[PDB]
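Trainee: Below is the file coords-v1.pdb, which contains PDB, N, CA and C atoms.
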ATOM      1  N   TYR A   1     -12.470 -32.668  57.717  1.00  0.00           N
ATOM      2  CA  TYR A   1     -12.254 -31.216  57.571  1.00  0.00           C
ATOM      3  C   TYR A   1     -11.150 -30.779  58.554  1.00  0.00           C
ATOM      4  N   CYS A   2     -10.521 -29.632  58.293  1.00  0.00           N
ATOM      5  CA  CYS A   2      -9.575 -29.059  59.235  1.00  0.00           C
ATOM      6  C   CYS A   2     -10.321 -28.290  60.309  1.00  0.00           C
ATOM      7  N   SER A   3     -10.091 -28.636  61.571  1.00  0.00           N
ATOM      8  CA  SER A   3     -10.754 -27.893  62.633  1.00  0.00           C
ATOM      9  C   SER A   3     -10.307 -26.448  62.724  1.00  0.00           C
ATOM     10  N   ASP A   4      -9.086 -26.125  62.271  1.00  0.00           N
ATOM     11  CA  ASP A   4      -8.602 -24.760  62.445  1.00  0.00           C
ATOM     12  C   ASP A   4      -9.139 -23.797  61.385  1.00  0.00           C
ATOM     13  N   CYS A   5      -9.340 -24.249  60.135  1.00  0.00           N
ATOM     14  CA  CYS A   5      -9.792 -23.319  59.093  1.00  0.00           C
ATOM     15  C   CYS A   5     -11.014 -23.777  58.311  1.00  0.00           C
ATOM     16  N   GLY A   6     -11.409 -25.039  58.423  1.00  0.00           N
ATOM     17  CA  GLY A   6     -12.542 -25.543  57.693  1.00  0.00           C
ATOM     18  C   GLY A   6     -12.244 -26.215  56.362  1.00  0.00           C
ATOM     19  N   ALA A   7     -10.991 -26.218  55.919  1.00  0.00           N
ATOM     20  CA  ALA A   7     -10.638 -26.795  54.627  1.00  0.00           C
ATOM     21  C   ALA A   7     -11.023 -28.271  54.577  1.00  0.00           C
ATOM     22  N   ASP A   8     -11.313 -28.745  53.374  1.00  0.00           N
ATOM     23  CA  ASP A   8     -11.626 -30.140  53.198  1.00  0.00           C
ATOM     24  C   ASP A   8     -10.379 -30.982  53.469  1.00  0.00           C
ATOM     25  N   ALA A   9     -10.561 -32.140  54.093  1.00  0.00           N
ATOM     26  CA  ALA A   9      -9.469 -33.061  54.390  1.00  0.00           C
ATOM     27  C   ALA A   9      -8.523 -33.360  53.216  1.00  0.00           C
ATOM     28  N   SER A  10      -9.025 -33.240  51.995  1.00  0.00           N
ATOM     29  CA  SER A  10      -8.219 -33.550  50.827  1.00  0.00           C
ATOM     30  C   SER A  10      -7.140 -32.490  50.580  1.00  0.00           C
ATOM     31  N   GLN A  11      -7.145 -31.419  51.379  1.00  0.00           N
ATOM     32  CA  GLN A  11      -6.175 -30.337  51.317  1.00  0.00           C
ATOM     33  C   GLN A  11      -4.936 -30.578  52.176  1.00  0.00           C
ATOM     34  N   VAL A  12      -4.806 -31.743  52.772  1.00  0.00           N
ATOM     35  CA  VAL A  12      -3.705 -32.063  53.681  1.00  0.00           C
ATOM     36  C   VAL A  12      -2.611 -32.784  52.916  1.00  0.00           C
ATOM     37  N   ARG A  13      -1.351 -32.377  53.098  1.00  0.00           N
ATOM     38  CA  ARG A  13      -0.204 -33.024  52.445  1.00  0.00           C
ATOM     39  C   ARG A  13       1.005 -32.821  53.347  1.00  0.00           C
ATOM     40  N   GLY A  14       1.867 -33.817  53.443  1.00  0.00           N
ATOM     41  CA  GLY A  14       3.131 -33.663  54.118  1.00  0.00           C
ATOM     42  C   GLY A  14       3.034 -33.423  55.597  1.00  0.00           C
ATOM     43  N   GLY A  15       1.896 -33.782  56.202  1.00  0.00           N
ATOM     44  CA  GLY A  15       1.681 -33.676  57.626  1.00  0.00           C
ATOM     45  C   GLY A  15       1.001 -32.394  58.057  1.00  0.00           C
ATOM     46  N   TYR A  16       0.586 -31.553  57.111  1.00  0.00           N
ATOM     47  CA  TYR A  16       0.003 -30.262  57.418  1.00  0.00           C
ATOM     48  C   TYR A  16      -1.200 -29.961  56.522  1.00  0.00           C
ATOM     49  N   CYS A  17      -2.152 -29.205  57.072  1.00  0.00           N
ATOM     50  CA  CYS A  17      -3.134 -28.546  56.220  1.00  0.00           C
ATOM     51  C   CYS A  17      -2.438 -27.532  55.315  1.00  0.00           C
ATOM     52  N   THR A  18      -2.596 -27.672  53.999  1.00  0.00           N
ATOM     53  CA  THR A  18      -1.905 -26.779  53.077  1.00  0.00           C
ATOM     54  C   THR A  18      -2.515 -25.399  52.997  1.00  0.00           C
ATOM     55  N   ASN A  19      -3.669 -25.168  53.636  1.00  0.00           N
ATOM     56  CA  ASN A  19      -4.205 -23.812  53.718  1.00  0.00           C
ATOM     57  C   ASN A  19      -3.632 -23.036  54.906  1.00  0.00           C
ATOM     58  N   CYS A  20      -3.874 -23.497  56.138  1.00  0.00           N
ATOM     59  CA  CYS A  20      -3.542 -22.721  57.325  1.00  0.00           C
ATOM     60  C   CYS A  20      -2.281 -23.199  58.033  1.00  0.00           C
ATOM     61  N   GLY A  21      -1.683 -24.297  57.578  1.00  0.00           N
ATOM     62  CA  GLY A  21      -0.478 -24.832  58.164  1.00  0.00           C
ATOM     63  C   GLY A  21      -0.696 -25.637  59.436  1.00  0.00           C
ATOM     64  N   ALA A  22      -1.938 -25.902  59.828  1.00  0.00           N
ATOM     65  CA  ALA A  22      -2.188 -26.724  61.001  1.00  0.00           C
ATOM     66  C   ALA A  22      -1.510 -28.085  60.864  1.00  0.00           C
ATOM     67  N   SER A  23      -1.055 -28.609  62.013  1.00  0.00           N
ATOM     68  CA  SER A  23      -0.575 -29.977  62.084  1.00  0.00           C
ATOM     69  C   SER A  23      -1.691 -30.944  61.693  1.00  0.00           C
ATOM     70  N   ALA A  24      -1.300 -32.125  61.239  1.00  0.00           N
ATOM     71  CA  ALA A  24      -2.199 -33.132  60.713  1.00  0.00           C
ATOM     72  C   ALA A  24      -3.307 -33.507  61.703  1.00  0.00           C
ATOM     73  N   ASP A  25      -2.996 -33.484  63.017  1.00  0.00           N
ATOM     74  CA  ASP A  25      -3.937 -33.972  64.051  1.00  0.00           C
ATOM     75  C   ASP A  25      -5.078 -32.975  64.227  1.00  0.00           C
ATOM     76  N   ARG A  26      -5.053 -31.822  63.559  1.00  0.00           N
ATOM     77  CA  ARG A  26      -6.197 -30.912  63.619  1.00  0.00           C
ATOM     78  C   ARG A  26      -7.300 -31.318  62.660  1.00  0.00           C
ATOM     79  N   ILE A  27      -7.074 -32.329  61.828  1.00  0.00           N
ATOM     80  CA  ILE A  27      -8.104 -32.802  60.922  1.00  0.00           C
ATOM     81  C   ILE A  27      -9.043 -33.705  61.691  1.00  0.00           C
ATOM     82  N   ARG A  28     -10.329 -33.528  61.435  1.00  0.00           N
ATOM     83  CA  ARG A  28     -11.378 -34.329  62.050  1.00  0.00           C
ATOM     84  C   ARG A  28     -12.358 -34.866  61.014  1.00  0.00           C
TER
END
Give the structure from the file, written as structure tokens.
Mentor:
Amino acid sequence: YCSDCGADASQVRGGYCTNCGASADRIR
């Protein structure tokens, strides 16, 4: 999941969370 917004990990593309724009390393 994204620590910054809660989005599911499958929402990450191109090095960023596609919802909130967090950097990839915010995924846990």
Trainee: Under the PyMOL selection byres ((chain A and resi 5) around 8), which residues of this model are included? Write them out as an MDAnalysis selection string.
Mentor: chainID A and resid 1:4 6:8 19:20 22 26
Trainee: How far is it from atom CA of residue 10 of chain A to atom N of residue 25 of chain A, in Å with one decimal?
Mentor: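 Rounded to one decimal, the two atoms are 13.3 Å apart.
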Trainee: Mind listing the helix (DSSP H, G or I) residues of chain A, per DSSP on the backbone, as a list in words?
Mentor: residues 9, 10, 11, 24, 25 and 26 of chain A
Trainee: Taking all atoms of segment 4-20 of chain A that appear in the file, build a box with edges along x, y and z, extend it by 4 Å on every side, and state its centre and edge lengths in Å to one decimal, as AutoDock Vina command-line options.
Mentor:
--center_x -4.7 --center_y -28.3 --center_z 56.5 --size_x 23.7 --size_y 19.1 --size_z 19.9
Trainee: Skipping near chain neighbours, those fewer than 2 positions away, what residues fall within 8 Å of residue 24 of chain A using all atoms listed in the file, listed as a tab-separated table (two decimals) with N, CA and C atoms, in the frame of the given file?
Mentor:
chain	number	residue	atom	x	y	z
A	12	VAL	N	-4.81	-31.74	52.77
A	12	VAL	CA	-3.70	-32.06	53.68
A	12	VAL	C	-2.61	-32.78	52.92
A	13	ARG	N	-1.35	-32.38	53.10
A	13	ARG	CA	-0.20	-33.02	52.44
A	13	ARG	C	1.00	-32.82	53.35
A	14	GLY	N	1.87	-33.82	53.44
A	14	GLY	CA	3.13	-33.66	54.12
A	14	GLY	C	3.03	-33.42	55.60
A	15	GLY	N	1.90	-33.78	56.20
A	15	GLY	CA	1.68	-33.68	57.63
A	15	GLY	C	1.00	-32.39	58.06
A	16	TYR	N	0.59	-31.55	57.11
A	16	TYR	CA	0.00	-30.26	57.42
A	16	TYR	C	-1.20	-29.96	56.52
A	17	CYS	N	-2.15	-29.20	57.07
A	17	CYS	CA	-3.13	-28.55	56.22
A	17	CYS	C	-2.44	-27.53	55.32
A	21	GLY	N	-1.68	-24.30	57.58
A	21	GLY	CA	-0.48	-24.83	58.16
A	21	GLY	C	-0.70	-25.64	59.44
A	22	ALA	N	-1.94	-25.90	59.83
A	22	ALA	CA	-2.19	-26.72	61.00
A	22	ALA	C	-1.51	-28.08	60.86
A	26	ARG	N	-5.05	-31.82	63.56
A	26	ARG	CA	-6.20	-30.91	63.62
A	26	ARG	C	-7.30	-31.32	62.66
A	27	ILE	N	-7.07	-32.33	61.83
A	27	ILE	CA	-8.10	-32.80	60.92
A	27	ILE	C	-9.04	-33.70	61.69
A	28	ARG	N	-10.33	-33.53	61.44
A	28	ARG	CA	-11.38	-34.33	62.05
A	28	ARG	C	-12.36	-34.87	61.01
Trainee: Taking only chain A into account, list the residues labelled strand (DSSP E) by DSSP (computed from the backbone), as a ChimeraX atom specification.
Mentor: /A:12-13,16-17
